[PDB]
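# Observations on the model geometry
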Amino acid sequence: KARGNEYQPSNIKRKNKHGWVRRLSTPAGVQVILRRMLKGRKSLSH
Amino acid sequence: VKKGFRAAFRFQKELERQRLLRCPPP
Amino acid sequence: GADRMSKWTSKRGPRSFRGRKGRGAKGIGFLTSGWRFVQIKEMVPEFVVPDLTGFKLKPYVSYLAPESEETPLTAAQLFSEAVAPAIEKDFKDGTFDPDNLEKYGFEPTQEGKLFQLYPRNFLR
Amino acid sequence: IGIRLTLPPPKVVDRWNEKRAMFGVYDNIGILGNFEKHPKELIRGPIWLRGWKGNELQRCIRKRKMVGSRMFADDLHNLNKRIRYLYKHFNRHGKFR
Amino acid sequence: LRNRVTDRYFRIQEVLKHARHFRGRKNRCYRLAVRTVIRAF
Amino acid sequence: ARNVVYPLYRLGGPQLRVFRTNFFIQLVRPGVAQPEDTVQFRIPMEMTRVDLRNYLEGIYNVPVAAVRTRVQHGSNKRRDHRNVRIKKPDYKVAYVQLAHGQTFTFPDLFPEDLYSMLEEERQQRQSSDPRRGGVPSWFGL
Amino acid sequence: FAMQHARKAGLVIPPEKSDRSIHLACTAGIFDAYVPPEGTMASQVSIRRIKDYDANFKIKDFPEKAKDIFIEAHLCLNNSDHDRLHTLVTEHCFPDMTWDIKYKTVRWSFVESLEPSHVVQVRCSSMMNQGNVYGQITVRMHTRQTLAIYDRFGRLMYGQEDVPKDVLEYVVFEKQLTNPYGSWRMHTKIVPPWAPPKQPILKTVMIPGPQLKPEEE
Amino acid sequence: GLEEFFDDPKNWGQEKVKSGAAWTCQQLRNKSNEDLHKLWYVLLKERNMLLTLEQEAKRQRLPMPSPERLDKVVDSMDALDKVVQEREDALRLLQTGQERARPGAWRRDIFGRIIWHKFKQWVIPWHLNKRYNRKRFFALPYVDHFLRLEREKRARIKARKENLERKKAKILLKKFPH
Amino acid sequence: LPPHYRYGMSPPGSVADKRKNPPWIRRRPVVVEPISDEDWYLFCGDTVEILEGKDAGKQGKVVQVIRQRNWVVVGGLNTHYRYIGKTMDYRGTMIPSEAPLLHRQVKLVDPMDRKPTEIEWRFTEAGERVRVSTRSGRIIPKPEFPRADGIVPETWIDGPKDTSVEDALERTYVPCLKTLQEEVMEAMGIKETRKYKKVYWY
RNA sequence: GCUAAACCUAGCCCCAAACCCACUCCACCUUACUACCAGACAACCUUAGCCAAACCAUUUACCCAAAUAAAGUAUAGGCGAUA
RNA sequence: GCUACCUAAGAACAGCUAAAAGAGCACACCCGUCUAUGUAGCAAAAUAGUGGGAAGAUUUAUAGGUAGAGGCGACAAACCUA
RNA sequence: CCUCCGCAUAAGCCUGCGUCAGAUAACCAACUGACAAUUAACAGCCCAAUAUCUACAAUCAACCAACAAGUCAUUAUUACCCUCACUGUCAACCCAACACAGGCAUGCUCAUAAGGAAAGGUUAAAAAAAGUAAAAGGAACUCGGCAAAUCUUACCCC
Ligand SMILES: [Mg+2]
Ligand SMILES: [Mg+2]
Ligand SMILES: [Mg+2]
Ligand SMILES: [Mg+2]
Ligand SMILES: [Mg+2]
Ligand SMILES: [Mg+2]
Ligand SMILES: [Mg+2]
Ligand SMILES: [Mg+2]
Ligand SMILES: [Mg+2]
Ligand SMILES: [Mg+2]
Ligand SMILES: [Mg+2]
Ligand SMILES: [Mg+2]
Ligand SMILES: [Mg+2]
Ligand SMILES: [Mg+2]
Ligand SMILES: [Mg+2]
Ligand SMILES: [Mg+2]
Ligand SMILES: [Mg+2]
Ligand SMILES: [Mg+2]
Ligand SMILES: [Mg+2]
Ligand SMILES: [Mg+2]
Ligand SMILES: [Mg+2]
Ligand SMILES: [Mg+2]
Ligand SMILES: [Mg+2]
Ligand SMILES: [Mg+2]
Ligand SMILES: [Mg+2]
Ligand SMILES: [Mg+2]
């Protein structure tokens, strides 16, 4: 009907989908961390 | 800031002319 | 959306995370048999407090004390000032060898000693 | 407004110092030094710019050919992109074709 | 930026001078007067 | 101690002992009215009620009956000129129910030259009456 | 109200701790007021201390320099020479003399001196003044001057530049002994009560009455 | 029992409290050991009292009388800890020849950023536990690119710094004749 | 503290200093000639002579010094005037306030000659520091000054929380080689029959 | 007359030369920054394509180890573009 | 983390007929037939009324899964963070 | 005068209308600075091993009655001293760019003991929106009984 409410928050789903451990388990998830520390972002993962 | 002072000199001349027109001495 | 810069904490999560996270408090016991906890007097710390009876020292020092040039302690100085007397007297009077070194004081094997030095068991 | 109200500080220009008095010296060293040296090894500068002139393409190709292995990643990347763009520009674009 | 114009004020203000007596926003603004001063000339 | 590794105890082993502790406590006046026997402390996030019990019993030699624990959240609302959030440090709190008849109460602490020259000048100064008409009160004529 | 508002707002501050000290050149107030009449050994000891701290010092020449300093300070007021006026006047005497005259000029000329200026008494300060000392002298002066005050717009508030009027005052000078660079400078005035009031102003004046907050009385 | 959380009540409401000089690490070295163990608890009690005074002062919205007293006792305890840690350092280096008093080793992480990984206390061996095996102390080839990139970045920052300080010296030597 | 900070007359942390230099302010820096601590030869309390600026050709006593800006604060010299009273209703009593002065602007003085004479930074034969005068050499001593930490080291009295000098200086150390914890244990008289068992480390 | 306007520093770019980094107080691969228990789980693969060829389908420069020159020669190529 | 579909283990469904029901009236609940308003709106798809179903092929909270040369789909070329 | 909302739990954010001072639809402040605060029994944070046992739904579970065939248990042996620690506990709060007329599972209340205020003031022009009432006629308007009103029959295509 009406949009905008796509983000129904859940900390569990968040930490599982965009988590340090998932990023470190998948190889490309290490490449994102490296690109991000190279740019200098404070939060390397979520 | 823009470099150069020839234009600043010309503008000082115009400013002092305007000042004389505004409050000319006797 | 959610905040990233704010540090993850026990407050933020659901029941499970709120219960499992912990705010840095160290362990004291274990948990078994229907959430029954068990602490132990061997894992509990025991503050060792001496009596202050007949105690002269005071937390602050008067300005009358003279300034002293700094001499940081070190191993060579310690050995030369503490053990060298025994070593040299036993040398020039009796006889010794690399053996009989525990007499002068030395732990060739650390374990078997209560207070280990590396890895050190005690704290501070 | 872009013009400035007050004048800037007057430039001090010492027309007589080390470089301005010694300027151009030892430029004919080859001509009146029994040709022991050419003036092109005199200039202090990059290794790929020493007695050599060229346009953008020539300069970038010379850079990557001579000192390209010592280049940083982003620098070599954008250099190759530059020479690619300049190749197709100089060869396809403009009048006189 | 290495080469920038400093006398734009004067080069526009001579035209503004010629255009002072005009009516409306022409006398004040520049692009509106440029279309008019050449016409007056 | 805080920020110090403990020795892992396993069955039939020695007993853990602290000699030079590092934990520091903040006796504070409460904002809410606790009973007379109660005391309130502000302490680090690492301490707990049992080690605080041993602490008070050994250091200050005071009998302690019960202890409750709380955590307070430092407000992360403040923002600098950079719009970066400033967080106040968190702190744990310890509510100590005292022994048989201690009945503690937080006591009162704060019940009770150029400056002299300044006040001398001030009490020497006299305000010009309106009859003067804004004239300086200096000249004689 | 400063401390109360500070505590209520939360602007808690520590005392200013610093080795530096605020140095001054004139003590506030006076040590001894020569209450004039309706018309001693202490001063002798004072002069002895003055001579001790500063051997090069005479008394009978003091009234001349005093009158000179007076008239030249008034000329400096006319000319607006505030730098030398400061060098010759103390920080206590500068405000009351130069505060209200802002937004307006002034005219003051010295016609003559009917009676010669005469020393009245001398006082010396105790050592407990920030580890320094200051000496005071009092001098009666009886002369004839003119005064004329034009406001912002150049119209006279009162006084006339042509007609002088006899005038009597008791001026007080003081000097810093600890430093050698200090010189005698005007400090204050006594304005005794028994003296008559000066000439009023040509303009008429009113005052606002008690403003009755909305409740009669 | 609890008055030791507060100074002498006659000092209450006083703006300036007397306080002595700080402790000297040389003095603590020269002194004994159990004397230092006792002085530790002395300084602990004093520090608790001072911090209670500070917090109550902030509560009442007033300043404290003697602020430097606090950092005095703090630096005293700091020098004490330093002296004792130096004693045990020398003792360890005499017995074994170890300086850090906690096992560690240089190891390369998956990010290629080699670091001094320290050791924890474990009951079962590393080859039998499963949690430790996942830490994956090694980097793969694709990380060398990013390592080179961060190296280039460090080079850029460093070169910028040197050029800037050279410019500073140049401009000040230009302005000043010398 | 922030970079490119301005060390004005007021000290750090003071209300005036923080209102003059808030955290967000970013003004131009100040160009000060480099001056090493070895080359520095100006200490507080020393007599100094000035020959330019306001009140040129005078001498006085240094009140303090700012080593960052190479500034000197002399009492009663180079003084402007400022009000201090509450300007809301009271006018504000006037008082003199000193100005800073540069080391190149100020000159030192000999105690005997009381004249401006340049300085050199030598080592006396007995060692190991001396400040010497120009053509006619005179050794220049340092000015005496009350340290800020202790208001008086001579007129000092031992408080209750202060320890005696004899107790502070007297040493009771014993090079026993023994561990602190163990020596504390046997000083208490306590013992523990249980031996610490081995554990892994990784 | 207001709104406004002006400034000159912070610093940065290209080169040269020179090789370069790590609290060693606690914590950080489980939901990273979380003191503490039995898993057997490990990587080694042609770059492609846009575009040019006036469409497109073979093809179409992109470094890898001395600057210049030989030489844009020998050669290759829907023997065309081009290499 | 919306959505299409699925997995694990859960929850909701008044009252009245019928008394068996992929049955009927009808709240909650789900959906969105019709009308008007609104159209930079209360809203980047809503509001009032009227409407279909509402013990089932029902609705729905929670954690997980299927990833684009693809998934999923009671095929509308639907849906896969406006 | 309303209340179809409320209370609380879960989920979610994280100090976000508590005290004190301040200037700054109306500025109680929901804005800034300091101070305090939410105290576990409630809920999370668990289970030594080996082998072994575990056909018979629920629906008041009784009868009847089935189909879509269903959410629950131990046992023998070995080892087994101690004890109650840690973590959430606030709010006018969540996702929709907003203090949004929108969306939001669960237990109780089913008209409230709880929670709220449609009208800033005046006049009562047009046009417009939402309703109420209407003489006689009662679809003649209209593409069409759209809408409103009332409770109504019969027949076709798919
Ligand atoms: Mg969005
Ligand atoms: Mg959902
Ligand atoms: Mg975000
Ligand atoms: Mg709790
Ligand atoms: Mg192809
Ligand atoms: Mg049905
Ligand atoms: Mg139905
Ligand atoms: Mg329809
Ligand atoms: Mg429809
Ligand atoms: Mg149905
Ligand atoms: Mg039913
Ligand atoms: Mg179809
Ligand atoms: Mg179609
Ligand atoms: Mg419980
Ligand atoms: Mg709650
Ligand atoms: Mg919904
Ligand atoms: Mg109510
Ligand atoms: Mg209203
Ligand atoms: Mg309205
Ligand atoms: Mg209205
Ligand atoms: Mg009708
Ligand atoms: Mg009909
Ligand atoms: Mg019709
Ligand atoms: Mg019809
Ligand atoms: Mg029709
Ligand atoms: Mg209808």
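Before reading on, note that the structure itself is shown above.
What counts, and where the lines are drawn
Residues numbered from 1 in each chain as written, not as in the entry; some residues may be left out. Chains lettered and ligands numbered in written order. Part of a larger assembly, values for the part shown. Heavy atoms only, no water. Residues with missing side-chain atoms left out of burial classes, pairs and counts. Helix = DSSP H or I, 4+ residues; strand = E, 2+ residues; numbered from the N terminus. Buried < 20%, exposed > 50% of the residue type's maximum accessible area, 1.4 Å probe, protein only. Areas by Shrake-Rupley, 256 points an atom, 1.4 Å probe, with all protein chains shown as cover. Contact = heavy atoms within 4.5 Å. Buried area = accessible area lost by both parts, 1.4 Å probe. Salt bridge = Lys/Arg side-chain N within 4 Å of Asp/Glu carboxyl O. Polar contact = N/O pair within 3.5 Å; in protein donor to acceptor, adjacent residues only side chain to side chain. Nonpolar A, V, L, I, M, F, W, Y, C, P; charged D, E, K, R; others polar. 1 Å grid on protein atoms, 1.4 Å probe; cavity = no way out; pocket = protein on both sides within 12 Å on 5 of 7 lines; lining within 4 Å. Points joined across faces, edges and corners; volume = space filled by probe spheres on them. Near = heavy atom within 4 Å.

### Observations concerning the overall build of chain A
The helix and strand tally for chain A stands at three helices and zero strands. With the C-alpha coordinates aligned to their principal axes, the bounding extent of chain A is approximately 40 × 20 × 15 Å. Every one of the 46 residues in chain A was classed for burial, and the buried ones make up 20%. Put simply, chain A shows about 3600 Å² of open surface, and 51% of that area lies on carbon and sulfur atoms.

### Examining the interface of chain H and chain C
A common way to express how large an interface is: the accessible area buried when the components associate. Counting residues at the interface gives 37 residues for chain H and 32 residues for chain C. Taken over both partners, the interface formed by chain H and chain C buries close to 3100 Å², and the fraction arising from carbon and sulfur atoms is 63%. In terms of surface lost to chain C, no three residues of chain H exceed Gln26, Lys38 and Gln95 of chain H, which account for 19% of the buried area on that side. Linking chain H with chain C are two salt bridges, by the criterion used here. Here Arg29 of chain H makes a salt bridge to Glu70 of chain C, at a shortest N to O gap of 2.2 Å. Counting every contact that joins chain H to chain C gives eight residue pairs in polar contact. Looking at the side of chain H that touches chain C, the elements that each hand over two or more residues are α1 (25–30), α2 (34–60) and α3 (67–95) of chain H. The biggest single contributor to the side of chain H that touches chain C is α3 of chain H, with twelve residues. A breakdown of the residues in the side of chain H that touches chain C according to their chemical character gives 16 nonpolar, nine polar and twelve charged.

### Points about the environment of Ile43 of chain F
Residues and elements named next belong to chain F. You can see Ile43 is positioned in strand β2 (residues 38–43). Overall, the relative accessible area of 6% leaves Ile43 in the buried class. Counting along the chain gives 49 residues from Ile43 to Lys92, while the straight-line C-alpha distance between them is 5.2 Å.

### What about empty space enclosed by the protein?
Its volume calculated, the largest cavity comes out at about 220 Å³. Lining the largest cavity are 17 residues, with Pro7, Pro14, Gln15, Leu16 and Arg17 of chain F positioned closest to its centre. Residues belonging to the lining of the largest cavity are distributed by class as follows: twelve nonpolar, two polar and three charged. By volume, the second largest cavity amounts to about 60 Å³. Lining the second largest cavity we find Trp138, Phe139 and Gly140 of chain F together with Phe70, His74, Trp108, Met141, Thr143, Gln145, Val167, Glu169 and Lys189 of chain G. Those elements that provide at least two residues to the lining of the second largest cavity are α3 (62–79), β2 (134–150) and β4 (165–176) of chain G. With three residues, β2 of chain G is the single largest residue contributor to the lining of the second largest cavity. By residue class, the composition of the lining of the second largest cavity is six nonpolar, four polar and two charged.

### Quick look at the interface of chain I and chain F
Facing 17 residues of chain I, the contacting portion of chain F comprises 13 residues. Of the roughly 1400 Å² buried between chain I and chain F, counting both surfaces, carbon and sulfur atoms make up 65%. Where chain I touches chain F, the interface holds one salt bridge. Across the pair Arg17 of chain F and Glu192 of chain I runs a salt bridge whose closest N-O atoms are separated by 3.5 Å. Our enumeration of links across chain I and chain F arrives at four residue pairs in polar contact. Of the residues in the side of chain I that touches chain F, the class split is nine nonpolar, two polar and six charged.

### Some words on the protein's contact with RNA strand J
In the region of RNA strand J, 68 residues are neighbours, and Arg113, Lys118, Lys130, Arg131 and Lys168 of chain H sit closest. In RNA strand J, atoms within 4 Å of the protein come from the sugar-phosphate backbone in 62% of cases. Between a phosphate oxygen of RNA strand J and a side-chain N or O atom of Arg102 of chain H, the distance comes to 2.9 Å. One nitrogen or oxygen atom from the side chain of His4 of chain I is found 2.7 Å from a sugar or linking oxygen belonging to RNA strand J. When contributions to the surface near RNA strand J are tallied by element, the ones reaching two or more residues are α1 (11–17) and α2 (20–25) of chain A, α1 (15–20) of chain C, α2 (56–67) and α3 (73–92) of chain D together with β2 (115–118), β3 (121–122) and α4 (143–175) of chain H. Counting residues per element, the surface near RNA strand J draws most heavily on α4 of chain H, at eight residues.

### Describing the environment of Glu186 of chain I
Within the secondary structure, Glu186 of chain I is located in helix α3 (residues 180–188). In the structure, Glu186 of chain I is positioned 99 residues away from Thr87 of chain I in sequence and 71 Å away in space, judged by C-alpha atoms.

These figures come from the coordinates and say nothing about function on their own.
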